[PDB]
Ligand SMILES: COC[C@H]1O[C@@H](O)[C@H](O)[C@@H](OC)[C@@H]1O
Ligand SMILES: COC[C@H]1O[C@@H](O)[C@H](O)[C@@H](OC)[C@@H]1O
Ligand SMILES: COC[C@H]1O[C@@H](O)[C@H](O)[C@@H](OC)[C@@H]1O
Ligand SMILES: COC[C@H]1O[C@@H](O)[C@H](O)[C@@H](OC)[C@@H]1O
Ligand code: NA
Ligand code: NA
Ligand code: NA
Ligand code: NA
Ligand code: NA
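Chains as they are written, first to last, in my numbering: chain A, 1 to 340; chain B, 1001 to 1339.
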């Protein structure tokens, strides 16, 4: 597995970006833009405490309250939630299980959060809120499979969750809800290829899933649904470069996908669709810096891409599609990824 | 009440704009882009049948199935829905009641559609799916009040629905859910002013409701939440101009609000925030054309505002933000607004 993300990032309900990372104390810390604009100053680092052995995953409930999921020191799944939107936080609470990956989080069409994780059998497990943005939580259930990467989850344009994972053959496998909100899932299906990173999945402007991954010659590769919310999938295509991290993918305000990755010089590179969505790809460009994690991208309230990465000082650095100069948000972050 | 929207518009689950309006036959017709791009070609008008006496209101379910709400000839609320995402249509079904307004439709945080309509007692009534994107429907419930306009509905940035309406005083009133997904509503509250259009409400890029209405001098006024998801509201402010339609508001790809309205010369006028979201407003500017309806606005998949309006030929016309040539989508539409 290629070097992974160190921070989770989300757009709050009031348009401020909020980053979550693991500290040197193995607590979860969070930083928040003071105002909803590109190159806004930040609140400074605030601790949620806890003791975590994975990447924390933040997700926004459908009522605007942030929720963070992480593997505890017992290797169970823990979580913690805002008690009101953008306000105070609950105590940490255990969802049990034993997980050997980073969680992957998405919300069902009925506002119920689903969490996915590799188990000790290397099978993919899930647990869900049994009501909209609310406990109590279901029991753990297995979707079987044998996965050698962290899972990645997105929703189909028809409301069916779809999970992607590397298998024991190192091809990309994937599995889908049979209906929206359903505990009934499809068989595992191979999309072939050779993947040397966690897959990252995004929905295109035209409702098609597109998956990106590092492949065998350290080039970036992608594969996409050829029609909305179904097969057949395209063949693998190459975007070249030589990368040394997982890719981070995001949509510009006009629908054009942009991909960010660490290069061989440990600088941040990017490549974007030109003209429009489902248009041709540019050549790679450098944004410089020196990074010790995969980048993480998100779109701010202004429609500008913002990218976050750990530096050599183990602080979090930001750059925005102004691109701007690199700036430090300070702090001291660790790579607690369950699968390295 | 200022001349209403003639079409309802949605960006479908595959980035294709789809238009719903009433034809000369009093059926609901729909037109859909063939490709998810600005100035794409259109499928041509397909009928969903029915006989309607309101503007039809379309909403995307959480699973991507369009659903359409319209007053029937019996003055009941009727609906028809896609059986699969961007695929075949059900038959019309009645949700009953007796309504004296255009419906207004939003989705709760649990994926249950809520529908709002004036009743025969001039009160605000509502009815809801009892599960995510599915029947059965709840029974009609009153939120009381006395309203002399079509309600407008939006969700707060904390998951609480909020409904806006002109009262008997011609002032902007509103009422809100107490908790996300709740049947327990606040009391009615007045934001004051004097308005001669239906109110139009949008969520800003920073989680604040802003409401737009035509004032008694036929100028454009707006008022806003001063903090995310609650009071106090600001004072009314004018953006001046003279408008002869309901204004339509939409958020640009970068969060800058933009308002569209018919002028006294029956042309399309627009005004926009400059620099950033919550920047200062531009000056009014024309896009020419001659329209016999209020304009409707929507962001397409390329991030460009598209505007729809009936012309003097009663065909639906489309202009988009490059701006483009006016383009006829053809057909023959009627202003069926219940008010
Ligand atoms: C996510 O934080 C969970 C941790 O909460 C801590 O407060 C507990 O001491 C510790 O158990 C010894 C858990 O792993
Ligand atoms: C010395 O750096 C080699 C880089 O060469 C660049 O031309 C590639 O695009 C880039 O891959 C994204 C490589 O890392
Ligand atoms: C949406 O169309 C509703 C109308 O459908 C018609 O087909 C019904 O016969 C008629 O019943 C009076 C309804 O008003
Ligand atoms: C939305 O109400 C705006 C009203 O604001 C008042 O301040 C104006 O005097 C009045 O114009 C005579 C407007 O209608
Ligand atoms: Na990162
Ligand atoms: Na939720
Ligand atoms: Na779902
Ligand atoms: Na990785
Ligand atoms: Na709600």
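The beta-carbon is built from N, C-alpha and C at its ideal position, and this holds for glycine as well.
Give every residue whose Cβ lies closer than 6 Å to any heavy atom of ligand 4, listed in chain order.
-> Taken from the N-terminal end onward, the list reads B/1193, B/1194, B/1195, B/1213, B/1215, B/1216, B/1217, B/1221, B/1236.
Residue 264 of chain A beta carbon near ligand 2 (any heavy atom closer than 7 Å) | Checking every heavy atom of ligand 2 against the Cβ of residue 264 of chain A, one is found closer than 7 Å.
Relative to ligand 6, what is the chain-ordered list of residues with a Cβ closer than 5 Å to any of its non-hydrogen atoms?
-> Cβ atoms closer than 5 Å to ligand 6 belong to A/61, A/62, A/107, A/111, A/133.
Just checking, does the region 1072–1080 of chain B make contact with the region 1041–1051 of chain B on the three C-beta pairs under 8 Å criterion?
-> The way I'd put it, the region 1072–1080 of chain B does touch the region 1041–1051 of chain B; three or more beta-carbon pairs between them come closer than 8 Å.
Relative to the C-alpha of residue 30 of chain A, which residue among A/217, A/214, A/228, A/44 is closest?
-> Selection A/217, A/214, A/228, A/44 evaluated against residue 30 of chain A yields A/44 as nearest (Cα-Cα).
Cβ of residue 1301 of chain B versus every heavy atom of ligand 2: is any distance shorter than 7 Å?
-> Residue 1301 of chain B Cβ: outside cutoff for every heavy atom of ligand 2.
Residue 1137 of chain B beta carbon near ligand 3 (any heavy atom closer than 7 Å) | For ligand 3, not one heavy atom lies less than 7 Å from the Cβ of residue 1137 of chain B.
Using 8 Å as the Cβ pair cut-off and three pairs as the minimum, do the region 317–329 of chain A and the region 1269–1276 of chain B touch?
-> The region 317–329 of chain A makes no contact with the region 1269–1276 of chain B: fewer than 3 CB pairs, one atom from each, lie closer than 8 Å.
Does residue 1183 of chain B have its Cβ less than 8 Å from a Cβ in chain A?
-> Not an interface residue.
DSSP state of residue 246 of chain A, grouped into three classes?
-> DSSP, read as helix, strand or coil, puts residue 246 of chain A in coil.
Residue 205 of chain A versus chain B: which residues are under 8 Å apart at the beta carbon?
-> What residue 205 of chain A touches in chain B, judged by beta-carbon distance under 8 Å, is 1015, 1036, 1301, 1302, going in chain order.
Are there 16 or more other CB atoms within 10 angstroms of the CB of residue 55 of chain A, so buried, or fewer, so exposed?
-> With 16 or more other Cβ atoms within 10 Å, it is buried.
Boundaries of the beta strand (DSSP E) in which residue 1129 of chain B is found, first to last residue | 1124–1131 is the extent of the beta strand (DSSP E) around residue 1129 of chain B.
For residue 1132 of chain B, which residues in chain A fall below 7 Å Cβ to Cβ?
-> Going along chain A in sequence order, the residues near residue 1132 of chain B (Cβ under 7 Å) are 109, 110, 181.
Could you work out which residues of chain B lie near residue 232 of chain A, taking near to mean beta carbons separated by less than 8 Å?
-> Here the premise fails: no neighbours, minimum Cβ distance about 17 Å.
Can you tell me whether DSSP reads residue 1025 of chain B as helix, strand or coil?
-> Secondary structure of residue 1025 of chain B (DSSP, three-state): coil.
Tell whether a beta-carbon distance below 8 Å holds between residue 200 of chain A and residue 152 of chain A.
-> Contact: yes.
Name the two residues that bound the continuous beta strand (DSSP E) containing residue 180 of chain A.
-> For residue 180 of chain A, no beta strand (DSSP E) segment is defined, and its DSSP state is neither H nor E.
Close Cβ partners of residue 194 of chain A (< 8 Å) along its chain, the five nearest in sequence each way excluded | Within the same chain, residue 194 of chain A has close Cβ partners 170, 171, 215, 216.
By how many angstroms is the C-alpha of residue 140 of chain A removed from the C-alpha of residue 278 of chain A?
-> If I take the Cα positions, the gap works out to 38 Å.
Report all residues from its chain with a CB closer than 6 Å to the CB of residue 1112 of chain B; omit the five preceding and five following residues, and keep chain order.
-> Cβ neighbours of residue 1112 of chain B beyond the five flanking positions: 1128, 1129.
Comparing the CB of residue 1065 of chain B with every heavy atom of ligand 7, is any distance shorter than 7 Å?
-> Residue 1065 of chain B Cβ: outside cutoff for every heavy atom of ligand 7.
Are residue 233 of chain A and residue 243 of chain A close, meaning C-beta to C-beta below 8 Å?
-> It is not a contact, given that the beta carbons lie outside the stated cut-off.
List the residues of chain A that residue 1085 of chain B touches, going by C-beta distances under 7 Å, in chain order.
-> Listed along chain A, the residues sitting closer than 7 Å to residue 1085 of chain B by beta-carbon distance are 157, 158, 229.
What runs of the beta strand (DSSP E), each 3 residues or longer, lie entirely inside the region 1232–1303 of chain B?
-> For the region 1232–1303 of chain B, whole beta strand (DSSP E) runs of length 3 or above, ordered along the chain, are 1248–1251, 1257–1262, 1268–1272, 1296–1299.
Indicate whether residue 168 of chain A and residue 146 of chain A have their beta-carbon atoms separated by less than 8 Å.
-> When the beta-carbon positions are compared, residue 168 of chain A and residue 146 of chain A come within less than 8 Å of each other.
When DSSP labels each residue in this structure, what does residue 1321 of chain B get in the three-state scheme?
-> Here residue 1321 of chain B carries a coil assignment [DSSP, helix/strand/coil].
Can you have a look at residue 136 of chain A and say buried or exposed, based on whether 16 or more other CB atoms are within 10 angstroms of its CB?
-> So residue 136 of chain A counts as exposed.
Check whether the Cβ atoms of residue 1084 of chain B and residue 1098 of chain B lie closer than 8 Å to each other.
-> Result no, Cβ atoms of residue 1084 of chain B and residue 1098 of chain B do not sit closer than 8 Å.
Out of A/67, A/8, A/104, A/105, which has the shortest C-alpha to C-alpha gap to residue 344 of chain A?
-> Lying before the first or after the last residue shown, residue 344 of chain A is absent from chain A, which here runs from 1 to 340.
Closest by C-alpha distance to residue 65 of chain A, when choosing among A/235, A/10, A/26 | Of A/235, A/10, A/26, the residue nearest in Cα terms is A/10.
In chain order, what residues of the same chain lie with their CB nearer than 8 Å to the CB of residue 254 of chain A, ignoring the 5 residues before and after it?
-> Excluding the 5 residues flanking it on each side, residue 254 of chain A has same chain C-beta neighbours closer than 8 Å at 276, 277, in chain order.
Contact belief for residue 143 of chain A with residue 154 of chain A at Cβ below 8 Å, rounded distance in angstroms | The pair is not a contact, with the Cβ atoms about 16 Å apart (cut-off 8 Å).
Specify, as a first and last residue, the run of the beta strand (DSSP E) that residue 1071 of chain B falls within.
-> Taken as a continuous stretch (DSSP letters only), the beta strand (DSSP E) holding residue 1071 of chain B covers 1066–1071.
DSSP state of residue 1121 of chain B mapped onto helix, strand, coil = Residue 1121 of chain B: coil per DSSP, three-state reduction.
With distances taken from CA atoms, which of B/1090, B/1263, B/1062 is nearest residue 156 of chain A?
-> The shortest C-alpha separation from residue 156 of chain A is found at B/1062.
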